[PDB]
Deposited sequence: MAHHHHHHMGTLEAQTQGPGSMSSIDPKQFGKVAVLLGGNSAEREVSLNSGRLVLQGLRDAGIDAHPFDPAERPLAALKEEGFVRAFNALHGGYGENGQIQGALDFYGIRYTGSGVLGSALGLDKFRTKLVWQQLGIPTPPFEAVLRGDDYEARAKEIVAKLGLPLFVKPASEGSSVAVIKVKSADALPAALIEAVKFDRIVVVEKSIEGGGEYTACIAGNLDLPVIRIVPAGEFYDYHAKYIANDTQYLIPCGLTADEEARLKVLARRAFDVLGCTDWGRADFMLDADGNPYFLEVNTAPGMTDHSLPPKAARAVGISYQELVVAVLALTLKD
């Protein structure tokens, strides 16, 4: 790909979210890789510059290296769509739905994409009542995940429901999957990237058979695509003790630091950092 085909590129980085510092780190490295590949790239921090400057300064496309908040929830995607600026990763629906664990899991359940069973808790519920019904119906341990804390005993759940409804009007109480591990499949166009095991480090080889890895990647890519997400991201999943997968969530704005997942997945099969960034930007052509 001739670098001049990309035109003038903005690397979106920084922003106003809690994850600002990680985004600066991603962005600085994406910018450098693009510039090393000959691409006319420039940083653009939307916490500090007005979004209209993109059109006014002739930027034709953006590599989005923002994390969290408006960088990942469809807001900046919508605003860029409106200004005619192409960008990496998922459009408005994919991004909005991808950050919404509740609706992601409803879509999955209805389309047969396996995902851990769960109950919803809503700001204003009888917290003490629900806890009782939820532990009875689902078991322990549970995870309390605000839609947009691990709980191991029944009487600890109320306090966690009270606390988690402070962060979202909708709280997903999810059954924990035991005995298999946590994994992630990085998605970057048609690049064939290996499954990574996540140890709460990132572990390659993930320790599954090549056949299992191959079928889980197809399934992962489907879990991602059915939400409207396209081109670039991750799908996280648990395996139970027999190797049955359960998808947890997707990520539509993955880290691009030197210690982030996709660079580690890429390097493991001989794809350099620079090649990864160029290929992900290439999808916007």
{"query": "Missing C-alpha runs, given along the deposited sequence, first residue counted as 1", "finding": "1-24, 173-179, 232-247, 333-334"}
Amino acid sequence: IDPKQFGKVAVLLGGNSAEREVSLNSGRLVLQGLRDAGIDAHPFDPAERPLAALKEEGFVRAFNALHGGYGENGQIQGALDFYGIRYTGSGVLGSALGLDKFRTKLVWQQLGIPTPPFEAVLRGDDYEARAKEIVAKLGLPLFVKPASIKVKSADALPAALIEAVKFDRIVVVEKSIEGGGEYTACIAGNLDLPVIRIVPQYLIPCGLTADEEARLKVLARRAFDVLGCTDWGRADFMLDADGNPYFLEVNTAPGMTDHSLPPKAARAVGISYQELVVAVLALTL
From here on, numbers count along this sequence of modelled residues.
property	result
Mean temperature factor over C-alpha atoms, higher-scoring stretch between 172-180 and 95-103	172-180
Stretch with the greater mean C-alpha B-factor as recorded in the entry, comparing 188-196 against 135-143	135-143
Where the record places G270 (Cα B-factor, split into thirds across the chain)	highest
Within-chain third of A79 by Cα B-factor, per the entry	lowest
Where the record places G38 (Cα B-factor, split into thirds across the chain)	highest
Third of the chain's Cα B-factor distribution that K55 belongs to, per the entry	highest
Ranked against its chain, the third holding the CA B-factor of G124	highest
